[PDB]
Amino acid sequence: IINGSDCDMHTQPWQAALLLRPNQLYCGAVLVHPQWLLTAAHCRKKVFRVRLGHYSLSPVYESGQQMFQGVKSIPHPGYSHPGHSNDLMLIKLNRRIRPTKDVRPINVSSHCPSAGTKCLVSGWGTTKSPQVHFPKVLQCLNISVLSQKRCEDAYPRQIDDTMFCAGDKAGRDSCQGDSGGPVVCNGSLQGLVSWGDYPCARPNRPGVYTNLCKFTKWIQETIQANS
């Protein structure tokens, strides 16, 4: 997260981290069900761990923290290795989470984001670009959703309906390491960190996020089919 601020503790109990042995923090994720997480399809990994209810980046032990393993990864069928469309995947945990103030799922909005909507994006991604600089704790940033029209101009022929652009303010944007992270608007999960221009935070170059409002049915059906 570039030019963001330290998140307030205990807020965002749905924020998840996808770790790789030993403790390589790759991609973020979001708890959307007692036993299901949501992340970008391009974050698919065969072996990995899931850390929830943890504020800092380092494996520093914390109370309220919970660890799990990915027992099943289901990327949306429409996700194409080259294109950024349908950039979402479902991850099932080995067990149901223990509901606490630090670990709590969030609902997926059925209504798509309209221009001007203010959203909150978070992640342990680099706070600088192109120079790498990881934060100490979860970073938070407010971003406003742009009109699909403007989204299309900034990224011609590559912007799609399964995605949306967010972030007008200068120097503020998501970056590498935040992928799969949550974009919350109106108290619900509206998107996921997907992609953007490089280096991050370039003026008139908003970040692109998966438009979750288009997959509510698939998400519910997939969860029910694997319950």
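Numbering starts at 1 and follows the sequence shown.
> Should the higher mean CA B-factor in the entry be assigned to 189-197 or to 46-54?
Higher mean C-alpha B-factor in the PDB entry: 46-54.
> Report the stretch with the higher mean CA temperature factor, choosing between 18-26 and 203-211 on the basis of the entry.
Stretch with the higher mean C-alpha B-factor: 18-26.
> Go through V32, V183, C175, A170 one by one and give the residue whose Cα B-factor in the PDB entry is largest.
Largest recorded C-alpha B-factor: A170.
> Checking the entry, which one of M163, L37, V60, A40 has the top C-alpha B factor?
Within the set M163, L37, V60, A40, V60 shows the top C-alpha B-factor.
> Thinking about Cα B factors across the chain, which third does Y155 belong to?
Its C-alpha B-factor, which the entry lists for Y155, ranks in the highest third among residues of this chain.
> Using only modelled residues of the chain, where does the Cα B factor of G116 rank: lowest third, middle third or highest third?
Middle third, going by the recorded CA B-factors of the chain.
> Is the Cα B-factor recorded for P82 in the lowest, middle or highest third of its chain?
Ranked within chain, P82 CA B lands in the highest tercile.
> Based on the entry's values, in what third of the chain does the Cα temperature factor of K92 lie: lowest, middle or highest?
CA B-factor rank for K92: lowest third.
> Taking the values exactly as deposited, rank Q69 by C-alpha B-factor within its chain and report the matching third: lowest, middle or highest.
Middle third of the chain for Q69's C-alpha B-factor.
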